[PDB]
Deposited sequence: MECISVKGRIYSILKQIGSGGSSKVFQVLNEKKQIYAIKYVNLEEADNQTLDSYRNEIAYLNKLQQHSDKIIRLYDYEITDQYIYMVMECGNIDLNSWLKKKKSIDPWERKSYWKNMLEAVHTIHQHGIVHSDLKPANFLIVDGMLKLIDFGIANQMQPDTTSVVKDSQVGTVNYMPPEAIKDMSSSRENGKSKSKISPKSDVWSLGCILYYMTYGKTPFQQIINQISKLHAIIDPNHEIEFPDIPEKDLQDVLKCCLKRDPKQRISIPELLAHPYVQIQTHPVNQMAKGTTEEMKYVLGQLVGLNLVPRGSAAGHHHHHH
């Protein structure tokens, strides 16, 4: 019931998450202030597995200054046996908040979208394509969405192919536009309450449906024609035809108060 990171002492309240290797806690320091500590167990991981967490920490360090839509890493400790990461605790992950809500406020959704774009745009500017974008990768802090990780690490639950882009599937026999596809489905989930291919349970049929142009994604008419425009442009199978994040940011949907 106690963790020491770079001198400071933190007391474990509860546990938020657990990977095979790692664990996430809600903690309090000496001043009763709330934080989140990612503890990773390095006993024992391959030379390759080690570098993944090293890379994730390095990039999470280098990017603190460039955006506040990246989660805040206050301090960290790393030995040969463990890693501890003192981060923002926030309120709740986007994945869980989506389930515990039935209908989503349009004004909230637009501000959440604008936040994700900013965050993903940032990592792109430093040559980082998140290879596995999902709601669970975003943290709500004061109603502000923040990116938690960069997909370089090994992912964590409190395993879906819904957010997977066609080019990744066609690759079996990286582009920044992949994150644009995954973000599309997250906003699609915020717009129509489900992901574009959620209901197809057969996995060899779902993946075939994603890549297949003959399969057509249904877009019901919403009172926000722009939101519609975004949804269609993001869900284009051809990454050259697909909209870019700098384009997405000049889009009326995010720029026009209506």
> For this chain, which runs of the deposited sequence have no C-alpha coordinates, given in order from the N-terminus?
Replying inline: 1, 160 to 170, 186 to 196, 282 to 321
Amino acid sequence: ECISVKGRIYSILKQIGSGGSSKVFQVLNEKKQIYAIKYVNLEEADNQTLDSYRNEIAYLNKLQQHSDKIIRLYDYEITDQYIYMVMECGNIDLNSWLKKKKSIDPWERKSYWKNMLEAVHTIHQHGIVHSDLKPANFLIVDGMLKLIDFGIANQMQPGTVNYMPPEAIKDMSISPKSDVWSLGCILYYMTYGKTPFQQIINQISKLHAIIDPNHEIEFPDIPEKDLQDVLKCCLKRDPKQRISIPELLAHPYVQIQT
From here on, numbers count along this sequence of modelled residues.
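C-alpha atoms forming the largest set that superposes within 1.5 Å between two forms make up the rigid core.
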> After a rigid core fit, does 197 to 205 or 217 to 225 show more C-alpha displacement in 7 other deposited structures of this protein?
Replying inline: 197 to 205
> How do 86 to 94 and 121 to 129 compare in 7 other deposited structures of this protein: which one has C-alphas farther from this form after the rigid core is matched?
Replying inline: 86 to 94
> Relative to the other compared entries, is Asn137 without coordinates in a third or more of them?
Replying inline: no
> Between us, would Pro158 come up missing in a third or more of the other compared entries?
Replying inline: yes
> 99 to 107 versus 161 to 169: which one carries the higher mean Cα B factor per the record?
Replying inline: 99 to 107
> Averaging C-alpha B-factors over each stretch, which comes out higher, 61 to 69 or 219 to 227?
Replying inline: 219 to 227
>> Out of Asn55, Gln26, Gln48, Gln33, whose C-alpha atom has the biggest B factor in the entry?
In response: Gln48
> From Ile128, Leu117, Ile174, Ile83, which pick has the Cα B-factor that tops the rest in the entry?
Replying inline: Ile174
>> Test of reading the entry: by CA B factor among the chain's modelled residues, which third contains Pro246?
In response: lowest
>> Splitting the chain's C-alpha B-factors into thirds, which one does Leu147 fall into?
In response: lowest
>> Can you tell me whether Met87 has a C-alpha B-factor in the lowest, middle or highest third compared with the other modelled residues of the same chain?
In response: lowest
> Split the chain's modelled residues into thirds by Cα B-factor; is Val180 in the lowest, middle or highest one?
Replying inline: lowest
>> Using the temperature factors of the C-alpha atoms in this entry, rank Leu207 within its chain: lowest, middle or highest third.
In response: middle
